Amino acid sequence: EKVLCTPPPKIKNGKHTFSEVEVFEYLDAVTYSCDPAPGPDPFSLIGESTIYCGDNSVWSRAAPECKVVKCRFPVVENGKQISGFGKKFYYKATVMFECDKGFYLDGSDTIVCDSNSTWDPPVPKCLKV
């Protein structure tokens, strides 16, 4: 008569709140986070961090992922960064560009770092006008 959930799934290099709980009620929620990493680059958390026990005795969402994501330094010839200044680019890092005078944009002015450490959309070019 009352919807219950078996504990949320465990994840590689991560953990979740209420890990000492075996029986979960209705609407009971849990938040994931990543472990500290051995290397110089920390783990990024991919997906929703918080899931709850809703209808059908299932968890609202699939458990997130904890892995190292690191895009390469984005370089735009005859252009400049106007946002996202930094040396390191992890998951969801966003960079905006703006072409120098006498130059126009060929591609998105805004790029984001993928879960496969690739810029999405690709790094734009600044073209001679």
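Numbering starts at 1 and follows the sequence shown.
Between 51-59 and 75-83, the higher mean Cα B-factor belongs to 51-59. Averaged over CA atoms, B-factors in the entry run higher in 38-46 than in the other of 85-93 and 38-46. Ranked by Cα temperature factor within the chain, residue 23 sits in the highest third according to the deposited record. Per the deposited record, the Cα B-factor of residue 105 falls in the highest third when ranked against the other modelled residues of its chain.
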